[PDB]
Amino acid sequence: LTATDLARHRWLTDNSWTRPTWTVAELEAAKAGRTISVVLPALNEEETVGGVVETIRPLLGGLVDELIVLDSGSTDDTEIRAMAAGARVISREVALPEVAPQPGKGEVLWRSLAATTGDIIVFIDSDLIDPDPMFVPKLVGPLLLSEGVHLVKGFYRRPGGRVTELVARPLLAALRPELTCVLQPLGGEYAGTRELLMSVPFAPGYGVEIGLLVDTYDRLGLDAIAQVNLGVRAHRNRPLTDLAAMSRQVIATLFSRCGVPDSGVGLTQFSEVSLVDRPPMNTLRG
């Protein structure tokens, strides 16, 4: 009944797949000379990083051209476990030597653009306990097969969370209502074209996902964004103080894209907030 509703319905019809059952073989055949890089950001994920790598490794040399763990300064056994599991481990410093690192996830994903060569870049979190081998095929399907798509968001069915449903989706309803069609805007499993990703700033820390979604929308609208169901995953039960820090940075990043000033004041406890994006990687490479 609203303009938002109407666009959502058609966008789901065209750009959302609850059964993204493309085969690896057909996706390989559709690459048409494009290459695919998979990047796992990792900070102290020794218990899970190898398991994630193991689910992607069978695609290496076929659908996937490179599988990189972009280490974020781990002090546990993340790097060596990623090595043994069959990934290429690259530090923030090796990825982009000319810029000093700053903390947070967004920095890692941004730097990975300088360390990878794929025409399509896929991000998968390294803290996943139950990774499924079809994540990468499902994420790249719309990029390889669907005209005009530059960003694919992977969502999970449940057997979003609190920040998604209380913070991100309500703020998008207020500020960019067409984007409320995206089921899991904060999700860490997603893929984009190099053309898109090199051309947008990267928000810091836990702002990176929402920043990329809004910057893509502001340039290209809903037509360029797709989503795919990766399967069933249970909600993680994270501490409220962590969720609040995430909510504060999601707010800061949304406000920075939507014309709202932000005090720069992090959370008052009885938190880390940065409004400093990294510039488009095109300004340094390519």
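All residue numbers are counted from 1 along the displayed sequence.
- Residue 18, present in the displayed chain, carries coordinates in each of the other PDB entries compared that cover both sides of it, far from a third leaving it out.
- In the comparison with other entries of the same protein, residue 262 is given coordinates in all of those covering both sides of it, so it never reaches the one-third threshold.
- Unmodelled deposited residues between residue 270 and residue 271: 10 or more, per the record.
- The stretch of deposited sequence separating residue 159 from residue 160 contains 10 or more residues lacking coordinates in this entry.
- Relative to its counterpart among 10 to 18 and 258 to 266, 258 to 266 has the higher mean temperature factor, C-alpha atoms as listed in the PDB entry.
- Averaged over their C-alpha atoms, the temperature factors of 32 to 40 and 232 to 240 are higher for 232 to 240.
- By the numbers in the PDB entry, the CA B factor is greatest at 129 among 166, 129, 149, 108.
- Of all the options 145, 200, 172, 83, the entry's greatest CA B-factor is assigned to 145.
- Looking at the C-alpha B-factors along this chain, the one for residue 192 belongs to the lowest third.
- Among the modelled residues of its chain, residue 221 has a C-alpha B-factor that falls in the lowest third according to the deposited record.
- Sort the chain's modelled residues by C-alpha temperature factor and residue 102 lands in the highest third, per the entry.
- Among the modelled residues of the chain, residue 133 sits in the highest third by CA temperature factor in this PDB entry.
- In the deposited entry, the Cα temperature factor of residue 141 places it in the middle third of its chain's modelled residues.
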